[PDB]
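Take a look at the structure set out below.
Note that we place each Cβ from the backbone using ideal geometry, even for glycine, and neighbour counts take in every protein chain shown. Please treat every number below as a calculation from the coordinates, not as lab data.
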Amino acid sequence: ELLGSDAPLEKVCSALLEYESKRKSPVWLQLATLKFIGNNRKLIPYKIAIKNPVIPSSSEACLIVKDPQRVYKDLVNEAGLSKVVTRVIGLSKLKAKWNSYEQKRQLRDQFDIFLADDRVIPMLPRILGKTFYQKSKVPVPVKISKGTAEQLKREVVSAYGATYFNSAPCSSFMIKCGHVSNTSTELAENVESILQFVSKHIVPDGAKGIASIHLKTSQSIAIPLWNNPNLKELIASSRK
Amino acid sequence: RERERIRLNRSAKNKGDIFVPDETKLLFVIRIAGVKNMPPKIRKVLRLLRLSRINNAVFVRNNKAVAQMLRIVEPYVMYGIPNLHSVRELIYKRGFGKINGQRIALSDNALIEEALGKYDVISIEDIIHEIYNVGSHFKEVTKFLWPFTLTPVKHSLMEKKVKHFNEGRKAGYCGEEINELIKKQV
Amino acid sequence: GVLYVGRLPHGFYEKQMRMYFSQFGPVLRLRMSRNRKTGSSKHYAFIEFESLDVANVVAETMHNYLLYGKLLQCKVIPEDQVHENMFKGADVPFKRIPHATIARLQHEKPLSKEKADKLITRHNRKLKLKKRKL
Amino acid sequence: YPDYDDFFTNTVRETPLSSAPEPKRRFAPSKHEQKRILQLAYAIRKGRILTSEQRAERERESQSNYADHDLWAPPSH
Amino acid sequence: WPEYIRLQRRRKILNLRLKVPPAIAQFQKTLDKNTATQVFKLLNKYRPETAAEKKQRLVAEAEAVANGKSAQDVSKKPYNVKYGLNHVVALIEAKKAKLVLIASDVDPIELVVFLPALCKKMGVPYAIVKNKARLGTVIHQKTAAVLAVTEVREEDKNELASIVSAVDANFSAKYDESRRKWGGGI
RNA sequence: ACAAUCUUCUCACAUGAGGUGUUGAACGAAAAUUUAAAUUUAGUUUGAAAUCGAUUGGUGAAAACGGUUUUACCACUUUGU
């Protein structure tokens, strides 16, 4: 309703899921914007809140807690998130022990998901490297700066319950929506809430800057969910 | 050099603010070391800060523009605050002005009155009073004065054996330690 | 002679190598290969000296020699496999052009009425092609 | 003067050689130190060893030696 | 010439003019300058604690026990290089050592003449380095004969896998025929 | 000296806004953009692995005499306060 003066959701979403069933023998949201919304390659994700959790809880995460590591390690056990958060690795130990590129490649695949404190989120770009920071595995800025299980379990639930959006310099924004097993109503609701967050702190010109949103699967065609009919007038406004 | 290039852009882009330890009209900044094949912006700043050679001693007035320079070569220089009686002995010990372009010591007040007569400075005490309570003649007196040289003294038998050590100087705003460094300087 | 020393510590420049190889003699050509779309070195550097005997002497000095965590392998290969483009662009500073910034200057670009008309000229043709794709 | 007949050490043996099991005293605190600590700890209770802080502060009242006892019981023109 | 010097140059040359067996021939071909400066850089973290400052930590360990505190429950298994000839022969037979270092000047040469043969059999990468005293400086000794790393911490495992690869590629990968032929007779 | 300054939060407000930073090489998908070219760009792989394959737009800083050669991340805040 707010994207292109229309709410074309839950109908194509039911058709796309049927089209996914039709083409039986993940979904990414390709978007056409006004210009290069990304001023630079931002090596950090945007925690897009979604009601439908695309993050599989079956995966295990490792939290890179700041030193001393013995404090948050007990708090990880105190939160009872051993099955969710697998191994608490210290900020010193990650920058000291696992340092080789193949070892980092092994240390990346040794776990399944990732968690990172915002207090030390900025140092991840050098200790980890593009072995992790470029192979489609970006850190999640978890907010556990307080030091309490209430601040940890809620952030742990927020990590598994909210998607991440890696922003970089580009005129084409892609949004990983979720799995095909999700309901078409649940997928469209998650896509609509993503558009609400996109217009808030992602799109510089808001929904006016969003020209063509074309949804697709991992290998399917990008069916245009909504197209800006007034984009011709906005193109002349920007390119002048 | 790649570390210094990263240190320059990180401290310049989105870091246009300085700490500037206040409560001091002047500051003591000394280049404790140097960079081999340094950047062109670094060397020109070293030419701007008059610390062309390491282990040179000169006190500079504290200012917002000076703090920008104090944050420019802080990787290669150490800042601080000058003590009252330490500067009284520093000028008395290492007062060597550029007399006719030559770094000659100010052993007499007659030559001090000859050059700084236009600045109404006839004695070192009057020069120090115009330096501690930095007046309008503080900039001109420093312009006429060649910088001092605080070469670290190797006293003990270990000081002559260590590999490229200079009695353990530090980097950053030493503050009172800068006066302590001046206390061991001469 | 020419040599192709591999496994160099990352960031090592021809300016670093020509400063070191000139201590061994004359350094005619040198090429630190890089990624075409990035400009960062490919860690596969080739260098050509004046004499093959001097180049063969240097290779006996740098065969699996550890340097900053990598055993630097340097072996002067024959000129039979040497091609014309081995020293293509040697002794020239590479231009790691920020095409993304140019594209950012392209994506966000002021234009005229006809220049903006050229951008939306194929907007309907692309939409009509997608209309027939269903 | 023949070559070197490495008929035996040509290959590599994969096993260890001695088969007696790993003793338990390589997986615990060194019990020789634990005996050594108790000799020092006992020595503190008898007061023959000045402790670690005492290792520091009894060096600091010294090295002040400037005549602490009495030894005596052309002009300008 | 004094009474002993004319022996001191002649036993230098009779090691050259005679026929060195291939077992002893490898004890003069030696690890080079370069790769013998990184091995001792890795080892200079894993020195045994100096006997004066092991006691220093023992009086600091035994003072808290005399009050009620402890650290034995939280004491992690220590690390250092492992030395001594009889302790390193058993560290190779048990396949525990990972880098054996043999001095090139042990005076009765039979003390170490079985080690390059034992290291070839047990699969422990080895190298023959100069100056038994150079090993002696590592472990606070006058003359060491051999050393061995058996376990570095997780910090230097990635460094150790690289530095061994320099040891095989320069000593073991080369020197492969001079160990298989007689030496001397120059 | 193969030592070295890559970000173990900041700022506001209590909700925000920021935090510029990642070997090489090979591999390979289907879509969106942007201006034919570029950009984003699944999944890969692997020893800090390597044997020609270099792309070539723009900004100026010093020597030199308005040309000329020198930068080996100078990138659009664009090479020496």
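Out of all the residues in region C:120-128, is one or more away from every other protein chain (no Cβ under 13 Å) and under 22 Å from C:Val5 (Cβ atoms)?
no
Name the one entry in B:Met38, B:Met69 that is within 16 Å of RNA strand F (Cβ to nearest atom), part of a loop (DSSP other than H, G, I, E, B), more than 14 Å from every other protein chain (Cβ to nearest Cβ) and surrounded by 13 or more Cβ atoms within 10 Å (Cβ to Cβ).
Values: B:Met69 fails: part of a loop (DSSP other than H, G, I, E, B).
So the residue among B:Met38, B:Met69 that is within 16 Å of RNA strand F (Cβ to nearest atom), part of a loop (DSSP other than H, G, I, E, B), more than 14 Å from every other protein chain (Cβ to nearest Cβ) and surrounded by 13 or more Cβ atoms within 10 Å (Cβ to Cβ) is B:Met38.
So which of C:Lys88, C:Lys95 ends up being within 8 Å of RNA strand F (Cβ to nearest atom), of a type outside the set (A, V, I, L, M) and either within 11 Å of another protein chain (Cβ to nearest Cβ) or closer than 27 Å to A:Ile37 by Cα (or both)?
One residue alone meets the criteria, C:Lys95.
Yes/no matrix, rows are residues, columns are (1) closer than 27 Å to A:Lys104 by Cα; (2) of a type in the set (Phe, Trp, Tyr); (3) out of contact with any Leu (no Cβ under 7 Å at 6 or more places or on another chain):
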{"residue": "A:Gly129", "(1), (2), (3)": "yes, no, yes"}
{"residue": "A:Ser184", "(1), (2), (3)": "no, no, no"}
{"residue": "A:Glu189", "(1), (2), (3)": "no, no, yes"}
{"residue": "A:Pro224", "(1), (2), (3)": "no, no, yes"}
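Quick one: would you say A:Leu9 is within 14 Å of another protein chain (Cβ to nearest Cβ), more than 11 Å from RNA strand F (Cβ to nearest atom), touching a strand residue (DSSP E or B) at 6+ places or on another chain (Cβ under 8 Å) and farther than 25 Å from A:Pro125 by Cα?
No; evaluated as a whole, the condition is false for this residue.
Output the qualifying pairs, or none if there are none: Cβ atoms under 6 angstrom, residues six or more apart or on different chains, first residue in region A:96-111 and more than 9 Å from chain E (Cβ to nearest Cβ), second residue of a type outside the set (S, T, N, Q) and in a helix (DSSP H, G or I).
Taking only residues 6 or more apart or on different chains, the pairs are A:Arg108/A:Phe132.
Could you check region C:17-56 and list, in sequence order, the residues that are within 14 Å of chain B (Cβ to nearest Cβ), surrounded by fewer than 14 Cβ atoms within 10 Å (Cβ to Cβ) and near RNA strand F (Cβ under 8 Å from one of its atoms)?
Residue satisfying the conditions is C:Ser40 alone.
As an exercise: evaluate A:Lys47 against (1) in a loop (DSSP other than H, G, I, E, B); (2) surrounded by 13 or more Cβ atoms within 10 Å (Cβ to Cβ); (3) basic (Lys, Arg) and give the number of the one condition it does not meet.
Failed condition: (1).
Taking region D:1-33 on its own, how many of its residues are closer than 30 Å to E:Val59 by Cβ and either surrounded by 14 or more Cβ atoms within 10 Å (Cβ to Cβ) or of a type in the set (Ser, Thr, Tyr) (or both)? Don't jump to the end; show me each part of the working.
Step one: list which residues in region D:1-33 are closer than 30 Å to E:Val59 by Cβ, which gives D:23-33.
Applying the additional criterion that residues be either surrounded by 14 or more Cβ atoms within 10 Å (Cβ to Cβ) or of a type in the set (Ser, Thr, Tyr) (or both) yields D:29-30, D:33.
Here the count works out to 3.
Are any residues in region B:1-35 in a loop (DSSP other than H, G, I, E, B) and touching a strand residue (DSSP E or B) at 6+ places or on another chain (Cβ under 8 Å), and if so, which ones?
Of everything in region B:1-35, those that are in a loop (DSSP other than H, G, I, E, B) and touching a strand residue (DSSP E or B) at 6+ places or on another chain (Cβ under 8 Å) turn out to be B:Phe19, B:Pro21, B:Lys25, B:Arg31, B:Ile32.
Just the residues that are more than 6 Å from RNA strand F (Cβ to nearest atom) and outside any loop (DSSP other than H, G, I, E, B), please, taken from region A:108-126.
A:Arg108, A:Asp109, A:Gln110, A:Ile113, A:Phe114, A:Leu115, A:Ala116, A:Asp117, A:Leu124
Mind counting the residues in region A:81-107 that are surrounded by 13 or more Cβ atoms within 10 Å (Cβ to Cβ), assigned to a loop (DSSP other than H, G, I, E, B) and more than 7 Å from RNA strand F (Cβ to nearest atom)?
Total satisfying the criteria: 4.
Here are A:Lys153, A:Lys146: which of them is among the charged types (D, E, K, R), more than 6 Å from RNA strand F (Cβ to nearest atom), away from every other protein chain (no Cβ under 14 Å) and not in a loop (DSSP other than H, G, I, E, B)?
None of the others qualify; the one that does is A:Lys153.
Among the residues of region E:90-114, write down those that are of a type in the set (A, V, I, L, M), outside any loop (DSSP other than H, G, I, E, B) and more than 10 Å from chain D (Cβ to nearest Cβ).
E:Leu91, E:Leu99, E:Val100, E:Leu101, E:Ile102, E:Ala103, E:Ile109, E:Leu111
Out of everything in region E:28-68 that is more than 9 Å from chain D (Cβ to nearest Cβ) and touching a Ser or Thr at 6+ places or on another chain (Cβ under 6 Å), what residue ends up being nearest to D:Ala43 (Cα to Cα)?
Out of the qualifying residues, it is E:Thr30.
For region E:69-78, what are the residues that are more than 9 Å from every other protein chain (Cβ to nearest Cβ) and part of a helix (DSSP H, G or I)?
E:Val74, the sole residue that qualifies.
If you take the residues in region C:69-85 that are farther than 30 Å from E:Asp156 by Cβ and within 21 Å of the chain's Cα centre (by Cα), which one is farthest from the other protein chains (Cβ to nearest Cβ)?
This residue is C:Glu84.
Is it true that some residue in region C:101-114 is within 8 Å of RNA strand F (Cβ to nearest atom), out of contact with any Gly (no Cβ under 6 Å at 6 or more places or on another chain) and away from chain A (no Cβ under 14 Å)? If you could, list the steps in order and put the result at the bottom.
First pass over region C:101-114, keeping only residues within 8 Å of RNA strand F (Cβ to nearest atom): C:101-109, C:111.
Going one step further and asking which of them are out of contact with any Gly (no Cβ under 6 Å at 6 or more places or on another chain), we end up with C:101-109, C:111.
After this cut, where a residue has to be away from chain A (no Cβ under 14 Å) as well, the list is none.
No, region C:101-114 has no match at all.
Yes or no: A:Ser181 within 11 Å of RNA strand F (Cβ to nearest atom), part of a loop (DSSP other than H, G, I, E, B) and among the polar types (S, T, N, Q)? Working first, answer last.
Values: within 11 Å of RNA strand F (Cβ to nearest atom): no; part of a loop (DSSP other than H, G, I, E, B): yes; among the polar types (S, T, N, Q): yes.
Considered against the rule, which asks whether it is within 11 Å of RNA strand F (Cβ to nearest atom), part of a loop (DSSP other than H, G, I, E, B) and among the polar types (S, T, N, Q), A:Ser181 comes out as no.
For A:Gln134, which of the numbered conditions (1) out of contact with any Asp or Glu (no Cβ under 7 Å at 6 or more places or on another chain); (2) within 21 Å of A:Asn39 (Cα to Cα); (3) within 12 Å of RNA strand F (Cβ to nearest atom); (4) away from chain C (no Cβ under 14 Å) fails to hold?
(4)
Name the single residue that is nearest to RNA strand F (Cβ to nearest atom) among those in region B:172-184 being of a type in the set (A, V, I, L, M, F, W, C) and touching a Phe, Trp or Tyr at 6+ places or on another chain (Cβ under 8 Å).
Only one residue fits best here, namely B:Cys174.
The rows are residues; the columns are (1) within 14 Å of chain D (Cβ to nearest Cβ); (2) among the small types (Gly, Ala, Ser).
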residue: E:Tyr126; (1), (2): yes, no
residue: E:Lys132; (1), (2): no, no
residue: E:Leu135; (1), (2): no, no
residue: E:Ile139; (1), (2): no, no
residue: E:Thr143; (1), (2): no, no
residue: E:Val146; (1), (2): no, no
residue: E:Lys157; (1), (2): no, no
residue: E:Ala161; (1), (2): no, yes
residue: E:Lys181; (1), (2): yes, no
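Take region C:117-134 and flag every residue that is part of a helix (DSSP H, G or I) and within 37 Å of the chain's Cα centre (by Cα).
Taking region C:117-134 as the starting set, the residues that turn out to be part of a helix (DSSP H, G or I) are C:117-119, C:123-133.
Passing the criteria: C:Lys118, C:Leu119.
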